[PDB]
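Take a look at the structure set out below.
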Amino acid sequence: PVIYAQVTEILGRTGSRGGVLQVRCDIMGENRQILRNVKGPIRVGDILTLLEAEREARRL
Amino acid sequence: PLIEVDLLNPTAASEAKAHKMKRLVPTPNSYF
Amino acid sequence: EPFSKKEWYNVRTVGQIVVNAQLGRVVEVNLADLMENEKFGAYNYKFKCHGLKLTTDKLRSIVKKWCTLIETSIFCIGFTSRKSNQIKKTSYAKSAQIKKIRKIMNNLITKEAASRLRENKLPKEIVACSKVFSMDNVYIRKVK
Amino acid sequence: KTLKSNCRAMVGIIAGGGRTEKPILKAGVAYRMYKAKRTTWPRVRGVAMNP
Amino acid sequence: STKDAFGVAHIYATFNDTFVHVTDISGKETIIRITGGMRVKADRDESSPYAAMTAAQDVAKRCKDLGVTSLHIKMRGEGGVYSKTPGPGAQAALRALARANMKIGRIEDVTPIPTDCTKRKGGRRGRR
Amino acid sequence: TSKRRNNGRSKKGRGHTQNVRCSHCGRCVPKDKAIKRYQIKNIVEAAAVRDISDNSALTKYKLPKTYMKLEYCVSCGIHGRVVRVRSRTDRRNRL
RNA sequence: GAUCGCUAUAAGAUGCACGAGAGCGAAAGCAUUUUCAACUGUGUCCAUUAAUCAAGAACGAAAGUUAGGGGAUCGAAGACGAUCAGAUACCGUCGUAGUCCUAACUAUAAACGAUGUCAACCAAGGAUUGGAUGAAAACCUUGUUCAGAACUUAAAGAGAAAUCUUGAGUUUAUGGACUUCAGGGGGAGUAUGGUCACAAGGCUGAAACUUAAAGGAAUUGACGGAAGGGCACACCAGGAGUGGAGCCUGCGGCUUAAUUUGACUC
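For the protein sequence lines, the chains are A, B, C, D, E and F, in the order given.
For what it's worth, this note's numbering labels the leading residue of the first sequence as 31, then goes sequentially.
For what it's worth, this note's numbering labels the leading residue of the second sequence as 19, then goes sequentially.
For what it's worth, this note's numbering labels the leading residue of the third sequence as 2, then goes sequentially.
For what it's worth, this note's numbering labels the leading residue of the fourth sequence as 551, then goes sequentially.
For what it's worth, this note's numbering labels the leading residue of the fifth sequence as 953, then goes sequentially.
For what it's worth, this note's numbering labels the leading residue of the sixth sequence as 7, then goes sequentially.
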């Protein structure tokens, strides 16, 4: 019950210091855009795995 | 005004535009 | 089951109400549902087992910053408007011109309402006030 | 208080209002106030009494 | 229970708490009311979107069980004399409800603005 | 001397204007001295605007917008980044 | 049986959005609808009736006093809960006076445009409120002109400079008319005297003594638990560690006849 996602673009770094990436993933299952907070090295081409796509982590 | 004009003799057009008391010779604007 | 004692009733039928039949119940229904059309969506109606009210979105979406708010009482509200050839930013009516508008703003309304909407007519009829000041948006916001 | 709906009640306020706002200034005026009442005016304190 | 029916949802989510309150159309008789602080164990987490997201999910379950397959949303914030802006969990609750296969009808703002207001807490100099 | 020509407020021919309450700290501030901003915001944010349309019982329902006018004072108007400190010759900018 | 939701009832207060460098008012001030002031128009009347004003008088925010009514919201004093070394404060909850109306007092404010009142001249420009006069046929566009709140530019005038230009211009090239105030800083708006007020207090109001500065506008620098833009193993993700144990060594301390001395955050 884990739904993967494909990164499309990177919106910058947040979280006080630079250790957290705000990327704009999309879900190849149904083409539903989702914005998630990511920790670690990421490029646009790489994909991601999420155990919860229901939370739109816009961070206000 | 900065552009000085003759005021001892005023133009006929400029007289009819000034305030009735501010003309060279104040005249009423009333008829009859 | 704390809901095993509840029997649903009914009220175009626009909805259902749950009871434990008692029914000074007041029910609000959008005019779009009542008239099965989306043109009357910015209105509300109240029924007692009552009244009508302009929706909050439409009340705040018709008030302009640089006009004069004309309001009377069946509540009615109207606004002065700009012109196609108008240049100046501000279009305000004098205190005397407003009283001319208000002397026919509701007087016209009370004329037909007492003698006798959901189509148009009277809200737009009172705008032509136009002979004293240009007016565009006129609504009957609430009826008690 | 909860009362039956058949109780009669005259509408309005009772006349002679604001009577006590006037300061009785003397002893005599307070003594004449009890002309048509009981006998309780000159009240001697308990602590000014024998045991 | 019944067949499909139309209800209303009065989501009152301020900066401190989130109320998910769904009644019938008349607004007199309720079905379920789950609060933001009902499903958390910290007084500072009552306004979090996750607290309101979880609350909205369980409201749909009880509304499905009664056949209330749609809801008229009336969204409000504590706008009497205080801030009229709905808190953080206000928008999260609406998104979570519609994600549970709930048909969403009218969305309206019922934040009561003061036509004429009384005094506001704080004094002249405000909350320093 | 005078840091501002109009003394910060915007009243010229009147000797008194009714006070208003700041929207952030609730501080009594005059009507003209206040910082007035008009906010137009949809109740459903853009991250969830399409979520409603997938499951909406209506047919051509257009989501309304919130209409609130916010008034701030200087103390939390600057602190809230609504306005900033400007240069001496850049203060006269009024657009 | 709180919070929350619909419907009703009564009083208190309030007058959002429209609401503006817009209007009126001598000032204070004036915001729901259903006696007075000013401008303009004027081939109307009087003829110097005029300006400023010691003494004198009216109005005079908020708080405050006295007696009634009202007492919903907020809330000097006060009570709790936090924070802190303490906090008797900022933050949270409650609450008497007060906040409201009437009648009578008090007469002070950053009562500010810190700019007295009347009068003549005064560069350029956009725009606004209320009228009069033309074209465009009440509203909208435009021309002339009177009054009003303001604004932009100035290579000019003034100033110590900031700035002012509907003057803070026409001033050492000094005089249009009138009233008030000030003479280095403290003492001090204190004492005494007089007078007004139910009271708090207001109006008038020095000296003895003490002291080389107090103060005004702008420059540079420094500083900010002010903002904006960049940078650093400064930090994030980590590796090795030191601090813990024995020992080499340096420093302080104790000791001694001497335990030689410089260096003491980076």
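All C-beta atoms in this analysis are idealised placements derived from N, C-alpha and C, irrespective of residue type, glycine included.
- The beta-carbon of E:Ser1022 is placed no less than 8 Å from the nearest beta-carbon of chain C.
- F:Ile41 sits close to F:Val88, with the two beta carbons spaced by under 8 Å.
- Within a 10 Å sphere around the beta-carbon of E:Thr975 sit 16 or more other beta-carbons, which makes this residue buried.
- Listed along chain C, the residues sitting closer than 9 Å to E:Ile977 by beta-carbon distance are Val12, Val15, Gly16, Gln17, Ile18, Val28, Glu29, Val30.
- Following the DSSP letters along the chain, one finds A:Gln63 in no alpha helix (DSSP H) but inside the beta strand (DSSP E) bounded by residues 62-69.
- Restricting attention to A:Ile57, A:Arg88, A:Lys69, the CA atom closest to the CA of F:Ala54 is found in A:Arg88.
- At a cut-off of 8 Å between beta-carbon atoms, F:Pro70 makes contact with chain E.
- In this chain, C:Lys7 is not harboured by any beta strand (DSSP E), its DSSP state being neither H nor E.
- According to the DSSP assignment, C:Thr111 belongs to the alpha helix (DSSP H) that extends over 108-116.
- For E:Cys1015, the uninterrupted alpha helix (DSSP H) segment begins and ends at 1001-1017.
- With fewer than 16 other Cβ atoms from the protein chains shown falling within 10 Å of its own Cβ, B:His37 counts as exposed.
- E:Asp997 sits away from E:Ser953, with the two beta carbons spaced by 8 Å or more.
- Of all residues in the region 953-986 of chain E, only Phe958 place a beta-carbon less than 9 Å from a beta-carbon of chain F.
- When the alpha-carbon of C:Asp58 is set against those of F:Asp57, F:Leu76, F:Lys47, the nearest one is in F:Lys47.
- For E:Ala957, the enclosing beta strand (DSSP E) has its first and last residue at 957-965.
- Pairwise C-beta distances place the region 1018-1026 of chain E in contact with the region 1056-1063 of chain E, as three or more of them are shorter than 8 Å.
- C:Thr111 and C:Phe76 have their C-alpha atoms spaced approximately 11 Å apart.
- In this structure C:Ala94 touches C:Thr81 by the C-beta definition: roughly 5 Å separates them, less than 8 Å.
- Taken in chain order, the complete alpha helix (DSSP H) segments of 4 or more residues contained in the region 32-85 of chain C are 32-35, 57-61.
- For C:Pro124, the enclosing alpha helix (DSSP H) stretches over residues 123-126.
- Residue burial annotation: C:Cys68 is buried, with at least 16 other C-beta atoms found within 10 angstroms of its C-beta.
- In the three-state DSSP reduction, C:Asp137 falls in the strand class (E or B).
- At least one beta carbon of chain A lies nearer than 8 Å to the beta carbon of E:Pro1040.
- Counting along the chain, the unbroken alpha helix (DSSP H) around F:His85 starts and ends at 80-85.
- Considering only beta carbons, the part of the region 58-91 of chain C lying closer than 8 Å to chain E consists of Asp58, in chain order.
- Any Cβ of chain E closer than 8 Å to the Cβ of C:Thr111 would place that residue at the interface, and such an atom is absent.
- If you draw a straight line from the Cα of F:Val50 to the Cα of E:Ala1048, it is about 12 Å long.
- E:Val972 is bridged by DSSP to E:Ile963, E:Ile986.
- In the three-state reduction of the DSSP assignment, E:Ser1022 falls in the strand class, which pools E and B.
- In this model, F:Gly86 and C:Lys49 are separated by some 48 Å (Cα to Cα).
- If the five residues before and after E:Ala1003 are omitted, its C-beta is found closer than 8 Å to the C-beta atoms of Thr970, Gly988, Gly989, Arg991, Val992, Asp997, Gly1041, all from its own chain and listed in chain order.
- In the DSSP assignment, E:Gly1057 falls within the unbroken beta strand (DSSP E) covering 1055-1061.
- No Cβ of chain E is located within less than 8 Å of the beta carbon of A:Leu81.
- Annotated three-state conformation of C:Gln98 is helix, per DSSP.
- For A:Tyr34, the secondary structure class from DSSP, reduced to helix, strand or coil, is strand.
- Put simply, the region 47-63 of chain A touches the region 75-89 of chain A. At least three CB pairs are less than 8 Å apart.
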